[PDB]
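# Breakdown of the fold
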Amino acid sequence: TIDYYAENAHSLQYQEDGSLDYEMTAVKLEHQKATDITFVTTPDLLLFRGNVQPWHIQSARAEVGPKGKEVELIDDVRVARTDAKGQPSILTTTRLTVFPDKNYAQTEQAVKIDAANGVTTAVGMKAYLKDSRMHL
Amino acid sequence: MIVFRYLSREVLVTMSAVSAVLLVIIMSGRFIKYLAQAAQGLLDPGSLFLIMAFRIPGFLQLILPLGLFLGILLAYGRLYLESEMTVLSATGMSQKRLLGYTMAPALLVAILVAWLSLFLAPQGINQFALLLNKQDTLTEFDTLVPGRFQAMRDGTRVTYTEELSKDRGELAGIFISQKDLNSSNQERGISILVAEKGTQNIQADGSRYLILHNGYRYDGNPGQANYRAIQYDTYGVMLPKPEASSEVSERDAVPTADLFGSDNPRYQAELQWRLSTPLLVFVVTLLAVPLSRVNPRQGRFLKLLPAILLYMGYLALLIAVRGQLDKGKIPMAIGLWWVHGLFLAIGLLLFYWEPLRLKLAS
Amino acid sequence: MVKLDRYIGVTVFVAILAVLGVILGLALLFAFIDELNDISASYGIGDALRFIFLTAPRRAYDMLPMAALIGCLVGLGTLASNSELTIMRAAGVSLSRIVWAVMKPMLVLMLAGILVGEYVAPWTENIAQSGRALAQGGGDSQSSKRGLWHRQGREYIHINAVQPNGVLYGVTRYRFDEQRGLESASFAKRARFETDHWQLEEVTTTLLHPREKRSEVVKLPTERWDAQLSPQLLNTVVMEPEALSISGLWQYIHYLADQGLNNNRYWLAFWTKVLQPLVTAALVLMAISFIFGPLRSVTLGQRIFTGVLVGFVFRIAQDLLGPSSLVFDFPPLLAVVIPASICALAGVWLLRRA
Amino acid sequence: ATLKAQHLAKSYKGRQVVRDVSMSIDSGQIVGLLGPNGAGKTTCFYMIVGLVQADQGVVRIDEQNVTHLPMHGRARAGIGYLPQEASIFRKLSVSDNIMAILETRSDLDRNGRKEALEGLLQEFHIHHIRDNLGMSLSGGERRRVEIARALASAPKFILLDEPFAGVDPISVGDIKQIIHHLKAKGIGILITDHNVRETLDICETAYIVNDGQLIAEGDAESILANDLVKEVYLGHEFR
Amino acid sequence: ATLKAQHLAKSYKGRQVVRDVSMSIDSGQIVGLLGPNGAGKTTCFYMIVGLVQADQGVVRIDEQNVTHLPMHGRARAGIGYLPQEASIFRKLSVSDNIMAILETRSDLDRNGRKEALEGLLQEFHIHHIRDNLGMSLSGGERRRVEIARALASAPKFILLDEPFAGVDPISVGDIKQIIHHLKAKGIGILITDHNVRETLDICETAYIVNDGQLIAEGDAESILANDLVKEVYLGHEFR
Ligand SMILES: CCCCCCCCCCCCCCCCCC(=O)OC[C@H](COP(=O)(O)OCCN)OC(=O)CCCCCCCCCCCCCCCCC
Ligand SMILES: CCCCCCCCCCCCCCCCCC(=O)OC[C@H](COP(=O)(O)OCCN)OC(=O)CCCCCCCCCCCCCCCCC
């Protein structure tokens, strides 16, 4: 069953030092009783201080297990880098295996970088989240 | 073959009487606590009868061996005081023959207790839990007073309500703080809940989905910077039953058929515990014969309280060993049987005292 | 009549003392066994032993009536089974005089018991409870079941433990907004009651700025907070209603009735504490009636067994009638009056039966 | 004084035990009460004492109806009692054993109480043991102390019960000497015992009860001659 | 058969109650055991029976050292016993009362057991009450049934204990007749009680123990004419 559920949640999480961990808005939060798995339909993650510059996320659906071990972004997947470069570098694929515990950028499928000036396609994603550098 | 029937009838009748008295006493003793809980606000008085009816077999499974102990003591004390047993012994009937005579009622009681502990206590507890998982908890959250802190489930969780409607629902500013006794990391430690109004929704299949009109959910620790602030409109968390399984662990409700083979330490410990009652009955029968020899100076009732104390200590040792074994410390190979061995040895030494002394006197 | 009175009184008094000692020992052993389950590497076995030894006086006072019943039974049985009461009766003495001679030491014991209860049991019980709470509650934000919540304005307080010297342990308080949005969450290690106001020690409050602005943490070693709660009320709201003094029960009952809150449990406790001498007298009368009637020439074992059985039945009845008054809206006085009256009436009937 | 029981009668749960039994004991004379065990001898003795209430009949002592008075009422009336089994205050010294009872007497004063206690101690030859605890006394000394205690109440009739039961032949002489010493003072003794030989030897007259109704009465010679007694209680072979 | 007790000696807490008391019972004779209550008479009787273990001596029966055997061992060796108080199986018919013991006898079969039970019932004149429960029987029938049961155990020596305790003079004749019957059957009997008259009348011999030592023996005429027993136990006035 579902132990706790919420509608139109706008959560905030703060870092150990005091900086914002993120700012996620979800249509509904569902936590089944069998496992500590939380469904966040239509997340809007914004790593406000994870890398100084927010990492705009417009994933259609996100699935979270007991911990952030695998918060998989199912269906529509978007990664708006919003970094010093004006290119969004939006990656869509079908899923993005973000690693909140690992804190690394990995793609479950071929990387489709939808940059502003030019669109490029790459195989695999192995790039440090903090570094924010292109890497197959 | 006539003394056999005579002694069997005496022992059985006395055991039945003592068992009835003990059952009444124990049922009243536990009803005391249940009535206290009902008066405190929890529980529903209409369900007490069913609870006691479904819990009776568990009481019987432990009362019966003590009933047999006391029945043997009383019957053989009567036969000793009235000189019947002196005439029986002065004619040829040894004491091993007496033990053989008294081991028939012990066998019948062991069969009965095995049937109980293996096929009626589990079903009884299962029915008790199923019929307890009902509107009782829904009443408890309706018991909230606009100014009382109901610390449900000991010190782990609390509940509050500034104002609660008489008809239920449309509560005032609600506050619910829950703490997890586990590691809890940092955020999981304390999680508070505040909703402006809050409401209770009856599940189509579940018990109740407390629906909060609007509020927040806070997680973290009082002395740390990280705090997960969640702002919502409708929030739903079910209300667990305070006594759904607190007084009845799921280990008891599992049918004895499933206990076989399972590598779960708790299940194997429970299976060892279930088989201990017939052995306890036989051990008490063995060590109740020699203790029943009383002269008229010390009467017949003198050694009943010490017998009750010995039986209670036996049960307490069995339960403590079972716990420390199901928690993994005591190896399962040795198991729970060393307590039975210890009490069998003490009873055997008590039984062979007179022959040993006679052999000592050349 | 001086020598016969002394004989009977000394016999019954010594029997009562021995029975009370044995009963108290058994009760202490059972309590220790039951409470051994709470050891958690922060509540040592020495702590449990100290708690039990400090709680002993309360249980002795509570179980005094049963000891009186059983001791009077045993002593009167010892006197009668040797054909001494028969000699005293045949010499001219009467059953009323024998009852008076038995009762006088009972009167002394009743006075001693009421004094000990109302002047010692609260003090030692409070000391033991405070020690156990302090031992178990030196933990974290809210890590004890001996705690105490509270609320004033829009700030919800918690207290891990309460000490008799007006000092609290582990005070964690949450401050909210009119919009019910949290603004602070503090945790003070201790607290002391300066006569003007409460003073905290080594606080660790964390302030959550509502907006996305930076969240900060501050540390004031001696932060001061003005709260409504007072030490006297705190030391009473935690203790069990049956562990307070008679005067304390009276004062708390009136304090509760002043604000409209119900006090049926406290009325029951007050009635059970103040009416104990009557119950003891009724029990001793029933025992004396038993000695002169059915248990005339039975063995000592039967006397002990029947006394224990009757005590158990009486205790169960009076315990079931306690909460029943609250549940069924019975007057609290009846739950105490009924069983004692029944026992006294049965004793009087059996005595009139000769 | 002349204790008189007239038309005593009691019925147990199922069947009658004593019916229309009449007795009479006069001061200074010993009267024995003997009969078969199944008979109502014990019940008649206890009804006279007062332990068991009598359904019918009046027990009066010198024109003073004491039928409805309790055991202590009769004891104040003048009757006494000496239980068969040991009835000595175990933890009280012999002097205390006597003085405890001596205290209850209303008439006596402190000096009178002490003088009476000294006289009683010297009378029964228990002066040498005026300090031993009751539990440490032998059979003869215990019986002497018990008789002194019974006399300390100044009774008018003392109802001994089984005085000769479980006593070797040498001690029956002392018991009979004690009984005669009591009779000299004027008290009247009503002995009931299983030992018919000694009871008839000592008692001046005997009342025999067969099935709740006394069947014979008179001196020992008459009691031994009656054919009904010879056929019910004594038997032809007896003596 | 001869049950011999040699140099029996028993010491209680710190006192030597019995010291070097030797007795011998021969099959077909009645032997009494008398003495003052304090002296070692009951103690010797019990050490012979088996209820108290002897510090020294050998209680041998027909050259079997049965001192160490338990009570059932003696009962299987030939000795018997009969408790002083009533010891009849209360809720058991008299016929069942005897058959409960008859079934134990190994050297018998079902037809033999039934014939033996019929012979026992018709030999003790208790046939008519063969169906009454143990509670209904009166004194005489109860004693007869107990004796019949003890015999059904098929013993050699039957150790009576206080058979003349609290019995009317008429009923004593029946007990004497039963004892004579048992003696004629060829069963050595040992009798102990305080009835120094009936015991001396029935008994063919008497052992008197005083201060834990045997002080006299022989038939009634020799015992009565003896002087030490008269001065210590019987008293000059006796007889
Ligand atoms: C005339 C009457 C005759 C009859 C006399 C009675 C004889 C009965 C003998 C058996 C006694 C049964 C005792 C039952 C003990 C039950 C203990 C229990 O439930 O607690 C288990 C506890 C768990 O500890 P654990 O969890 O390992 O500690 C780490 C904490 N996380 O484990 C522990 O911590 C264990 C520490 C034990 C310390 C000692 C406790 C005292 C035990 C006293 C028992 C009574 C002895 C009486 C003997 C009288 C003999 C005449
Ligand atoms: C912080 C305080 C903690 C206190 C802990 C107390 C634990 C008590 C555990 C006791 C366990 C063993 C019990 C031993 C007593 C029973 C033994 C017995 O049979 O004693 C018989 C004895 C006979 O007396 P005797 O001196 O022979 O005199 C005869 C007169 N002819 O009888 C006697 O007269 C001697 C026995 C006397 C027993 C006295 C103790 C009973 C009452 C204790 C109350 C303690 C608390 C009360 C309030 C205190 C306030 C400061």
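Residues numbered from 1 in each chain as written, not as in the entry; some residues may be left out. Chains lettered and ligands numbered in written order. Heavy atoms only, no water. Residues with missing side-chain atoms left out of burial classes, pairs and counts.

This deposited entry lists cryo-EM as its structure determination method and 3.26 Å as its resolution.

Here the focus is the site of ligand 1. All residues adjacent to ligand 1 are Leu310(B), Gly313(B), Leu317(B), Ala320(B), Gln324(B), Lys327(B), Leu36(C), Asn37(C) and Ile39(C). A distance of 3.4 Å separates an oxygen atom of ligand 1 from a polar atom in the side chain of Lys327(B). For ligand 1, an oxygen atom lies 3.4 Å from a polar atom in the side chain of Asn37(C). Out of a free accessible area of 1,200 Å², ligand 1 has 45% covered by protein chains. When grouped by side-chain class, the residues that make up the shell around ligand 1 number five nonpolar, three polar and one charged. (Near = heavy atom within 4 Å. Polar contact = N/O pair within 3.5 Å; in protein donor to acceptor, adjacent residues only side chain to side chain. Areas by Shrake-Rupley, 256 points an atom, 1.4 Å probe, with all protein chains shown as cover. Nonpolar A, V, L, I, M, F, W, Y, C, P; charged D, E, K, R; others polar.)

This part covers the interface of chain B and chain E. On the side of chain E, 25 residues touch chain B, which itself brings 22 residues to the contact. Buried surface at the junction of chain B and chain E, both sides included, amounts to about 2,000 Å², of which 65% is carbon and sulfur. When the buried surface of chain B facing chain E is broken down by residue, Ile2(B), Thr91(B) and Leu358(B) rank first, second and third, together holding 26% of it. Where chain B packs against chain E, one counts zero salt bridges. Between chain B and chain E we count four residue pairs in polar contact in total. When residues of the side of chain B that touches chain E are traced back to their parent elements, those giving at least two are helix 1 (2-39) and helix 3 (84-89) of chain B. Of the residues assigned to the side of chain B that touches chain E, the class counts are ten nonpolar, seven polar and five charged. (Contact = heavy atoms within 4.5 Å. Buried area = accessible area lost by both parts, 1.4 Å probe. Salt bridge = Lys/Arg side-chain N within 4 Å of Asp/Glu carboxyl O. Helix = DSSP H or I, 4+ residues; strand = E, 2+ residues; numbered from the N terminus.)

The description of an aromatic ring pair uses the distance of the two centres, along with the angle that the planes make with each other. Evaluated as defined, the whole model comprises 30 aromatic pairs over all chains. Between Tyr232(B) and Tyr235(B), the ring centres sit 5.0 Å apart and the planes meet at 35°, which makes this aromatic pair tilted. A single burial state applies to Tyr232(B) and to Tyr235(B), both of which are buried. Through successive ring pairs, a cluster of aromatic residues spans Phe149(B), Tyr160(B), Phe175(B), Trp149(C), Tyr156(C) and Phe176(C). Above the face of the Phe128(B) ring, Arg55(B) is positioned so that its terminal group lies 5.5 Å from the ring centre. The aromatic ring of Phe164(E) is capped on one face by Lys176(E), whose charged end is 6.0 Å from the ring centroid. (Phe/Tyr/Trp six-rings, centres within 6.5 Å; stacked < 30°, edge-to-face > 60°. Buried < 20%, exposed > 50% of the residue type's maximum accessible area, 1.4 Å probe, protein only. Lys NZ or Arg CZ within 6 Å of the ring centre and 35° of its normal.)

Turning to the site of ligand 2, a few remarks are in order. Residue and element names in this part refer to chain C. Around ligand 2, the neighbouring residues are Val14, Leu17, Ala18, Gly21, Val22, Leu24 and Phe53. The element best represented in the shell around ligand 2 is helix 1 (residues 3-35), accounting for six residues. In the shell around ligand 2, the residues fall into six nonpolar, one polar and no charged.

With that settled, the discussion passes to the interface of chain C and chain B. Tallying the contact residues gives 39 residues for chain C and 41 residues for chain B. On the chain C side of the interface with chain B, the three residues burying the most area are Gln142(C), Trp149(C) and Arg180(C), jointly 19% of the side's total. Here chain C and chain B share one salt bridge between them. At the surface where chain C touches chain B, the tally comes to five residue pairs in polar contact.

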